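**Q** One file: model13.tsv (TSV, C-alpha atoms and all ligand atoms).
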```
chain	number	residue	atom	x	y	z
A	1	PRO	CA	35.05	-9.34	36.04
A	2	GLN	CA	37.55	-12.03	37.04
A	3	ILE	CA	36.94	-13.76	40.37
A	4	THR	CA	39.82	-15.66	41.96
A	5	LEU	CA	39.08	-18.60	44.22
A	6	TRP	CA	41.30	-17.83	47.21
A	7	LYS	CA	38.01	-17.23	49.03
A	8	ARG	CA	34.46	-18.35	48.36
A	9	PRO	CA	33.06	-16.75	45.15
A	10	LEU	CA	30.26	-14.88	46.93
A	11	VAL	CA	28.45	-12.12	45.07
A	12	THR	CA	25.37	-10.02	45.62
A	13	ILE	CA	22.16	-11.19	43.97
A	14	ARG	CA	18.71	-9.62	43.85
A	15	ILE	CA	15.50	-11.56	43.90
A	16	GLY	CA	12.43	-9.37	44.42
A	17	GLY	CA	13.48	-6.80	47.00
A	18	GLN	CA	15.76	-9.20	48.79
A	19	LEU	CA	19.45	-8.72	48.30
A	20	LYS	CA	21.38	-11.83	49.28
A	21	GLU	CA	24.94	-13.11	49.05
A	22	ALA	CA	25.30	-16.23	46.88
A	23	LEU	CA	28.02	-18.57	45.62
A	24	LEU	CA	28.85	-18.67	41.94
A	25	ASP	CA	28.91	-22.45	41.85
A	26	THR	CA	30.13	-24.42	38.83
A	27	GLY	CA	29.45	-27.65	40.78
A	28	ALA	CA	25.70	-26.92	41.01
A	29	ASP	CA	23.44	-27.92	38.09
A	30	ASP	CA	20.61	-25.82	39.48
A	31	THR	CA	20.22	-22.65	41.54
A	32	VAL	CA	19.31	-23.23	45.20
A	33	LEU	CA	18.20	-20.37	47.45
A	34	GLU	CA	17.64	-20.18	51.18
A	35	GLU	CA	14.05	-20.41	52.39
A	36	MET	CA	11.95	-17.46	51.18
A	37	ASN	CA	8.23	-17.10	50.56
A	38	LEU	CA	8.16	-16.40	46.81
A	39	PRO	CA	4.86	-15.85	45.01
A	40	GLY	CA	3.72	-18.14	42.21
A	41	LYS	CA	3.36	-21.78	41.27
A	42	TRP	CA	5.97	-24.36	42.26
A	43	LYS	CA	6.63	-28.12	42.24
A	44	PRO	CA	8.31	-30.22	44.93
A	45	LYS	CA	11.76	-31.63	44.25
A	46	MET	CA	14.59	-33.42	46.06
A	47	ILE	CA	18.23	-32.51	45.45
A	48	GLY	CA	21.28	-34.29	46.75
A	49	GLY	CA	24.82	-33.51	47.71
A	50	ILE	CA	27.33	-34.21	50.44
A	51	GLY	CA	25.36	-35.51	53.44
A	52	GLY	CA	22.27	-36.51	51.45
A	53	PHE	CA	19.13	-34.87	50.11
A	54	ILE	CA	17.03	-31.84	50.95
A	55	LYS	CA	13.46	-31.05	49.90
A	56	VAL	CA	13.06	-27.89	47.79
A	57	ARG	CA	10.36	-25.97	45.92
A	58	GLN	CA	10.97	-25.42	42.21
A	59	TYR	CA	9.88	-22.01	40.89
A	60	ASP	CA	10.17	-21.33	37.15
A	61	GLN	CA	10.93	-18.16	35.21
A	62	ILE	CA	12.01	-16.13	38.23
A	63	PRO	CA	13.96	-12.96	37.42
A	64	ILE	CA	17.18	-12.62	39.39
A	65	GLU	CA	20.00	-10.08	39.11
A	66	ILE	CA	23.53	-11.36	39.75
A	67	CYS	CA	26.33	-8.75	40.08
A	68	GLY	CA	24.23	-6.31	38.02
A	69	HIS	CA	23.60	-8.90	35.28
A	70	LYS	CA	20.02	-9.86	34.46
A	71	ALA	CA	18.95	-13.49	34.54
A	72	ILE	CA	15.67	-15.38	34.52
A	73	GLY	CA	15.12	-19.04	35.19
A	74	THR	CA	14.37	-21.83	37.58
A	75	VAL	CA	15.23	-21.35	41.24
A	76	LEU	CA	15.00	-24.06	43.89
A	77	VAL	CA	13.96	-22.85	47.34
A	78	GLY	CA	14.61	-24.81	50.51
A	79	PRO	CA	16.69	-25.28	53.67
A	80	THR	CA	20.11	-24.83	52.07
A	81	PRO	CA	22.77	-23.32	54.36
A	82	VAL	CA	24.03	-21.11	51.50
A	83	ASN	CA	22.53	-19.42	48.45
A	84	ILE	CA	23.87	-21.21	45.36
A	85	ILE	CA	23.91	-19.80	41.82
A	86	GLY	CA	24.08	-22.86	39.58
A	87	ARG	CA	24.94	-23.41	35.93
A	88	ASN	CA	21.39	-22.69	34.74
A	89	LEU	CA	21.99	-18.99	35.58
A	90	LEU	CA	25.80	-18.81	35.35
A	91	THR	CA	25.49	-19.38	31.59
A	92	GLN	CA	22.97	-16.52	31.37
A	93	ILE	CA	25.42	-13.98	32.81
A	94	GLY	CA	28.28	-15.25	30.62
A	95	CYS	CA	30.31	-17.01	33.32
A	96	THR	CA	33.22	-19.28	32.37
A	97	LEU	CA	36.00	-21.18	34.15
A	98	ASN	CA	39.48	-20.32	32.93
A	99	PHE	CA	42.96	-21.70	33.64
B	1	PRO	CA	41.37	-23.83	28.65
B	2	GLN	CA	38.19	-21.77	28.78
B	3	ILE	CA	35.30	-23.93	30.03
B	4	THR	CA	31.69	-22.86	29.46
B	5	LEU	CA	28.91	-24.06	31.75
B	6	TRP	CA	26.08	-25.39	29.54
B	7	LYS	CA	27.41	-28.82	30.54
B	8	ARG	CA	28.95	-30.01	33.82
B	9	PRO	CA	32.65	-28.97	33.98
B	10	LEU	CA	33.90	-32.57	34.20
B	11	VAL	CA	37.60	-33.16	33.53
B	12	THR	CA	39.98	-36.08	33.66
B	13	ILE	CA	42.36	-36.14	36.61
B	14	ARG	CA	45.39	-38.34	37.27
B	15	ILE	CA	45.93	-39.43	40.88
B	16	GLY	CA	48.09	-42.33	42.10
B	17	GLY	CA	48.54	-43.37	38.46
B	18	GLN	CA	44.80	-43.75	37.93
B	19	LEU	CA	42.56	-41.64	35.67
B	20	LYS	CA	39.24	-40.42	37.06
B	21	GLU	CA	36.60	-37.90	36.03
B	22	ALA	CA	36.01	-35.05	38.48
B	23	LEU	CA	33.81	-31.99	38.67
B	24	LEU	CA	35.41	-28.54	38.81
B	25	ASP	CA	33.43	-27.16	41.74
B	26	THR	CA	33.86	-23.50	42.68
B	27	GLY	CA	31.23	-23.89	45.44
B	28	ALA	CA	33.41	-26.46	47.23
B	29	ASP	CA	36.10	-25.32	49.70
B	30	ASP	CA	37.68	-28.77	49.65
B	31	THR	CA	38.49	-31.46	47.11
B	32	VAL	CA	36.52	-34.64	47.86
B	33	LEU	CA	36.88	-37.90	45.94
B	34	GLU	CA	34.72	-41.02	46.07
B	35	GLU	CA	35.98	-44.09	47.95
B	36	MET	CA	39.43	-45.08	46.72
B	37	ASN	CA	42.76	-46.28	48.05
B	38	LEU	CA	45.59	-43.79	48.53
B	39	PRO	CA	48.95	-44.52	50.15
B	40	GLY	CA	50.36	-43.00	53.34
B	41	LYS	CA	49.01	-41.54	56.56
B	42	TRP	CA	45.48	-40.19	56.80
B	43	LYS	CA	43.38	-38.51	59.48
B	44	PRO	CA	39.66	-38.97	60.17
B	45	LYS	CA	37.70	-35.80	59.50
B	46	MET	CA	34.11	-34.67	59.15
B	47	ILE	CA	32.84	-32.26	56.51
B	48	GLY	CA	29.53	-30.59	55.76
B	49	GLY	CA	27.44	-30.37	52.62
B	50	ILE	CA	23.98	-29.39	51.45
B	51	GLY	CA	22.36	-32.45	53.09
B	52	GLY	CA	24.31	-32.84	56.34
B	53	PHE	CA	27.73	-34.09	57.42
B	54	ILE	CA	29.87	-37.04	56.38
B	55	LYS	CA	32.99	-38.80	57.57
B	56	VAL	CA	36.02	-38.61	55.29
B	57	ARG	CA	39.69	-39.60	55.29
B	58	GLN	CA	42.10	-36.68	54.94
B	59	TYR	CA	45.24	-37.25	52.88
B	60	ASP	CA	47.70	-34.36	52.80
B	61	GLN	CA	50.16	-33.29	50.11
B	62	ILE	CA	48.80	-35.56	47.36
B	63	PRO	CA	49.77	-34.85	43.71
B	64	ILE	CA	46.89	-34.66	41.23
B	65	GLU	CA	47.11	-33.63	37.60
B	66	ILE	CA	43.89	-31.84	36.74
B	67	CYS	CA	43.20	-31.41	33.05
B	68	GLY	CA	46.98	-31.33	32.45
B	69	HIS	CA	47.73	-28.93	35.33
B	70	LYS	CA	49.69	-30.09	38.36
B	71	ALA	CA	48.48	-29.68	41.93
B	72	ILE	CA	49.76	-31.04	45.25
B	73	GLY	CA	47.44	-30.76	48.21
B	74	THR	CA	44.78	-32.11	50.52
B	75	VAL	CA	42.42	-34.76	49.19
B	76	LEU	CA	39.42	-35.93	51.20
B	77	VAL	CA	38.07	-39.39	50.46
B	78	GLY	CA	34.52	-40.36	51.37
B	79	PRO	CA	30.84	-40.60	50.34
B	80	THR	CA	30.65	-37.54	48.10
B	81	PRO	CA	28.01	-37.97	45.35
B	82	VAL	CA	30.70	-37.31	42.70
B	83	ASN	CA	34.44	-36.59	42.60
B	84	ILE	CA	34.80	-32.83	43.16
B	85	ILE	CA	37.78	-30.56	42.74
B	86	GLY	CA	37.41	-27.76	45.30
B	87	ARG	CA	39.05	-24.37	45.70
B	88	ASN	CA	42.08	-25.75	47.56
B	89	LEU	CA	43.25	-27.24	44.22
B	90	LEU	CA	41.44	-24.91	41.79
B	91	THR	CA	43.63	-22.09	43.13
B	92	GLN	CA	46.77	-24.16	42.55
B	93	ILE	CA	45.98	-24.67	38.84
B	94	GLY	CA	45.17	-20.97	38.38
B	95	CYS	CA	41.40	-21.32	37.92
B	96	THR	CA	39.24	-18.16	37.94
B	97	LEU	CA	35.63	-17.40	37.21
B	98	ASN	CA	35.12	-14.87	34.42
B	99	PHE	CA	32.07	-13.07	33.07
A	101	LIG	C1	20.73	-30.09	41.10
A	101	LIG	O1	21.27	-28.91	41.71
A	101	LIG	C2	22.19	-28.97	42.74
A	101	LIG	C3	22.83	-27.80	43.15
A	101	LIG	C4	23.76	-27.84	44.20
A	101	LIG	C5	24.08	-29.04	44.84
A	101	LIG	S1	25.18	-29.11	46.03
A	101	LIG	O2	25.12	-27.92	46.82
A	101	LIG	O3	24.98	-30.28	46.85
A	101	LIG	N1	26.71	-29.28	45.46
A	101	LIG	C6	26.81	-30.38	44.48
A	101	LIG	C7	28.19	-31.04	44.52
A	101	LIG	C8	28.53	-31.63	45.89
A	101	LIG	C9	28.29	-32.12	43.44
A	101	LIG	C10	27.36	-28.04	44.99
A	101	LIG	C11	28.65	-27.79	45.80
A	101	LIG	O4	29.39	-26.72	45.21
A	101	LIG	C12	28.31	-27.50	47.27
A	101	LIG	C13	27.77	-26.08	47.52
A	101	LIG	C14	27.59	-25.87	49.02
A	101	LIG	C15	26.59	-26.53	49.71
A	101	LIG	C16	26.46	-26.35	51.09
A	101	LIG	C17	27.31	-25.50	51.79
A	101	LIG	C18	28.31	-24.84	51.10
A	101	LIG	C19	28.45	-25.01	49.73
A	101	LIG	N2	29.47	-27.55	48.17
A	101	LIG	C20	29.66	-28.51	49.07
A	101	LIG	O5	28.96	-29.51	49.19
A	101	LIG	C21	30.81	-28.33	50.02
A	101	LIG	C22	30.18	-28.02	51.39
A	101	LIG	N3	31.05	-26.98	51.89
A	101	LIG	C23	31.08	-26.66	53.26
A	101	LIG	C24	29.96	-26.95	54.04
A	101	LIG	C25	29.97	-26.69	55.40
A	101	LIG	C26	31.10	-26.15	56.02
A	101	LIG	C27	31.10	-25.88	57.49
A	101	LIG	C28	29.92	-26.32	58.29
A	101	LIG	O6	32.07	-25.34	58.03
A	101	LIG	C29	32.23	-25.88	55.25
A	101	LIG	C30	32.23	-26.15	53.89
A	101	LIG	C31	31.85	-26.48	50.97
A	101	LIG	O7	32.67	-25.58	51.06
A	101	LIG	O8	31.65	-27.20	49.74
A	101	LIG	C32	23.43	-30.20	44.42
A	101	LIG	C33	22.49	-30.17	43.38
```
Written as structure tokens, that's how I'd like the structure from this file.
Ligand SMILES: COc1ccc(S(=O)(=O)N(CC(C)C)C[C@@H](O)[C@H](Cc2ccccc2)NC(=O)[C@@H]2CN(c3ccc(C(C)=O)cc3)C(=O)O2)cc1

**A**
Amino acid sequence: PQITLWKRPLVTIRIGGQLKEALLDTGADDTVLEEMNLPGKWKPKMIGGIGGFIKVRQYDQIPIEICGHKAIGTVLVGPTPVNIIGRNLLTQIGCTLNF
Amino acid sequence: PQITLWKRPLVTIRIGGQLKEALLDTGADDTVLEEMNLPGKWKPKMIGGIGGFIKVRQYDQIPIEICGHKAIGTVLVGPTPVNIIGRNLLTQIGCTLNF
């Protein structure tokens, strides 16, 4: 598909029985999801943006479906106001910027 | 061009006769540049981000050439972690996400 940017590029993602709306975000190195109690091992991390840093939990090799496309990779879980699909997964579903 | 996402989508911009590098950021509503001088009237504003809120200066109707494509619009100047080109200007240069 082609997604214009007149509005926020929100799409439906699936992570383990939770469907969520998330931003396809070319400005995000990593994927950052709203607080959720995922199973498995994790490591603490800090990530920074406008306003400063938040503390997140890094989970590896988590399967996630994005607009019906399969992906699997690292997801950061913490008190983000919005679910963010970063470049680590955007590449996996074949996403490019075009102009 | 077509820009893939295995690396940060950084491009050269021209603004006020100066060249800068900026991040094409589909997850950003607004274009926000690091501290710099721009001519003309500005308004104090506050914007949000992943880590909280910051104070910025709002300059309206500013020309920027983004990777060879002309835009004229709102530029916010303040303590963003990196220069970001948001949807307000990405739309102007005809940028879409494609997968
Ligand atoms: C290492 O991995 C990372 C992934 C993501 C980030 S990030 O989220 O800080 N950030 C990095 C960028 C600033 C260089 C990605 C941006 O696209 C990032 C994604 C995002 C975060 C929080 C809320 C909305 C959108 N966008 C922004 O910072 C701004 C904030 N923002 C926004 C925030 C709040 C509001 C309100 C309250 O009305 C309106 C707009 C917006 O539209 O873009 C940082 C690191």

**Q** For chain A, which of B:30, B:65, B:25, B:35 is the closest residue, counting only C-alpha atoms?

**A**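 Nearest candidate to chain A out of B:30, B:65, B:25, B:35: B:25.
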
**Q** So, with all atoms listed in the file as the atoms that count, which of A:32, A:15, A:5, A:97 lies closest to residue 72 in chain A?

**A**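 Distance minimum relative to residue 72 in chain A lands on A:15.
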
**Q** Set the distance at 7 Å and use all atoms listed in the file: which residues neighbour residue 55 in chain A once local chain neighbours fewer than 5 positions away are removed? I'd like the list as a PyMOL selection string.

**A** chain A and resi 45-47+78

**Q** Between atom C15 of ligand LIG 101 (chain A) and CA of residue 56 in chain B, what distance in Å does the model show, to one decimal?

**A**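 According to the coordinates, atom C15 of ligand LIG 101 (chain A) and CA of residue 56 in chain B are separated by 16.3 Å.
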
**Q** Given a cut-off of 8 Å, which residues of chain B touch chain A, counting all atoms listed in the file, written out as a PyMOL selection string?

**A** chain B and resi 1-6+8-9+23-29+48-54+79-81+84+87-88+90-91+93-99

**Q** Quick check, in Å to one decimal: how far apart do CA of residue 38 in chain A and CA of residue 73 in chain A lie?

**A**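 Interatomic distance, CA of residue 38 in chain A to CA of residue 73 in chain A: 13.8 Å.
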
**Q** May I ask which of the residues A:12, A:37, A:74, A:61 is the closest one to ligand LIG 101 (chain A), counting only C-alpha atoms and all ligand atoms?

**A**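 Ranked by minimum distance to ligand LIG 101 (chain A), first place goes to A:74.
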